[PDB]
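Asks:
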Amino acid sequence: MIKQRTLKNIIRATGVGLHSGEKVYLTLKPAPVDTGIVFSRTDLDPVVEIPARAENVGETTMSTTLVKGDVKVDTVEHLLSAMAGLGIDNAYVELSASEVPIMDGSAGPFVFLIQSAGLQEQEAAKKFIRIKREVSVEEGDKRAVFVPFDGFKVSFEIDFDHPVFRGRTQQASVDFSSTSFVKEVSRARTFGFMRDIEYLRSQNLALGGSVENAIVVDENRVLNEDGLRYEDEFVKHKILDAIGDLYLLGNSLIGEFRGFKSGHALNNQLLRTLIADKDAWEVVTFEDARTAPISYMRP
Ligand SMILES: C[C@@](O)(C(F)F)[C@H](NC(=O)c1ccc(C#CC#CC2CC2)cc1)C(=O)NO
Ligand SMILES: [Zn+2]
Numbered sequence: 001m002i003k004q005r006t007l008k009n010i011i012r013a014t015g016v017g018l019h020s021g022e023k024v025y026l027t028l029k030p031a032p033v034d035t036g037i038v039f040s041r042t043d044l045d046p047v048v049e050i051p052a053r054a055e056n057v058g059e060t061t062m063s064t065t066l067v068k069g070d071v072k073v074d075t076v077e078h079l080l081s082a083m084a085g086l087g088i089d090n091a092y093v094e095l096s097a098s099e100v101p102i103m104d105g106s107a108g109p110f111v112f113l114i115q116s117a118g119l120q121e122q123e124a125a126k127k128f129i130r131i132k133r134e135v136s137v138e139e140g141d142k143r144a145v146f147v148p149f150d151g152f153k154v155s156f157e158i159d160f161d162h163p164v165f166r167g168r169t170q171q172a173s174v175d176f177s178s179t180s181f182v183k184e185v186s187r188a189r190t191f192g193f194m195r196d197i198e199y200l201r202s203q204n205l206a207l208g209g210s211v212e213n214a215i216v217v218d219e220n221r222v223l224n225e226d227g228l229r230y231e232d233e234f235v236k237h238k239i240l241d242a243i244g245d246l247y248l249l250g251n252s253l254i255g256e257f258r259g260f261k262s263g264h265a266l267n268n269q270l271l272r273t274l275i276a277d278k279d280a281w282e283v284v285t286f287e288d289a290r291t292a293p294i295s296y297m298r299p
């Protein structure tokens, strides 16, 4: 039996918002069975809770944002990617400000803090969304597609005409029957281009960004003096983002995702189209883990 998982102990962390530049205190807490991931703005009275679900996604221009009325929770995809890769079904995410801390720009710090606290399996079947039919959305030259697949794999292809990508292709495929999310995906940092940052800051965006929490690229080079963690770190973060955006479905996926220059906006459009086309998916459990198409590491 593949059981639901929550946190064994609370996780506490402080950081800065990538776009707001605000200092934020973060607390992850255990949650009962079938709670899902629920964000909670504890700086407000009364506290405002936003379930990390596709129906609550607001603006998506920079990062994935959850909204409830006039209240927002910004930049959720990196923490949600850590949630998905670790198999965490239920948790409360308390924040003292509107944006999740960026940490080092990747999901690595979140993954380490969670695994240091430990996970707790719960006495209930883990629910999966199994893709039954192909579902694709396009807009312009961008495309995102779900494909039936007995497992979970993610492929992505970006097409930048930038010298930092000169040499090789900008494509990567990850199949978690062999790829380690922790070792090969979680540490890929977000990236920004120096030409955009001065404009972004003019619009009160990317205010917390620096070489401490992002790969900074000029017209030719990565400016971080210590370089990259992966040779293909850029596309690996696109895969990291997709895994986090996909977890807004509320359950782990049994299927294949393929992204072609897709972003947070098209990712959410794919989820909304999938959810609406109930012929294309179903909820499944596995009463015997030994016959499941996926497996999780020990809690
Ligand atoms: C990677 C992706 O482009 C992805 F969408 F492709 C997207 N990155 C961003 O938005 C983004 C990342 C970093 C900065 C920055 C800074 C700085 C600085 C100091 C030196 C002046 C700005 C924007 C993402 O990860 N969204 O979730
Ligand atoms: Zn990102």
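Counting in the deposited numbering, the final residue of the sequence shown is number 299, and the numbers go up one at a time with none missing.
Here a beta-carbon is modelled for each residue, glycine too, at the ideal position from N, C-alpha and C.
Relative to ligand 2, is the shortest distance from any of its heavy atoms to the C-beta of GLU77 smaller than 7 Å?
Replies: yes
Asks: For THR35, which three-state DSSP category applies?
Replies: coil
Asks: Is it buried or exposed, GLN122, if we count other Cβ atoms within 10 angstroms and call 16 or more buried?
Replies: buried
Asks: Buried or exposed, going by whether 16 or more other CB atoms sit within 10 Å of the CB of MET297?
Replies: exposed
Asks: Let me know if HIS19 comes out buried or exposed under the rule of 16 or more other beta-carbons within 10 Å of its beta-carbon.
Replies: buried
Asks: Can you grab the Cα-Cα spacing for the pair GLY208 / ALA188, in whole Å?
Replies: The alpha-carbon atoms of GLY208 and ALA188 are separated by roughly 18 Å.
Asks: Expressed to the nearest angstrom, what Euclidean distance is found between the alpha-carbon atoms of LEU248 and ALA54?
Replies: Between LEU248 and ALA54, the C-alpha separation is close to 5 Å.
Asks: Closer than 7 Å by C-beta to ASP277: which residues in its own chain qualify, once you throw out the five before and the five after it? Chain order, please.
Replies: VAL135
Asks: Tell me whether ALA13 sits in a helix, a strand or coil according to DSSP, three-state version.
Replies: strand
Asks: State yes or no: is the C-beta of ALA206 nearer than 7 Å to some heavy atom of ligand 3?
Replies: No copy of ligand 3 appears in this structure; the ligands present are ligand 1 and ligand 2.
Asks: So is the beta-carbon of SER40 under 7 Å away from any non-hydrogen atom of ligand 2?
Replies: no
Asks: Can you give me the C-alpha to C-alpha distance between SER40 and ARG168, rounded to a whole angstrom?
Replies: 42 Å
Asks: Do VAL73 and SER98 have their C-beta atoms closer together than 8 Å?
Replies: The answer is yes: Cβ separation under 8 Å.
Asks: Would you kindly report the start and end of the unbroken alpha helix (DSSP H) that includes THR273?
Replies: Run containing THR273: 264–276, per the alpha helix (DSSP H) assignment.
Asks: Please confirm whether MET62 and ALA289 have their CB atoms less than 8 Å apart.
Replies: For the 8 Å CB-CB criterion, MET62 and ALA289 do not form a contact.
Asks: How many Å lie between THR14 and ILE294 at the Cα?
Replies: Separation of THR14 and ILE294 (C-alpha to C-alpha, rounded to the nearest whole angstrom) is 33 Å.
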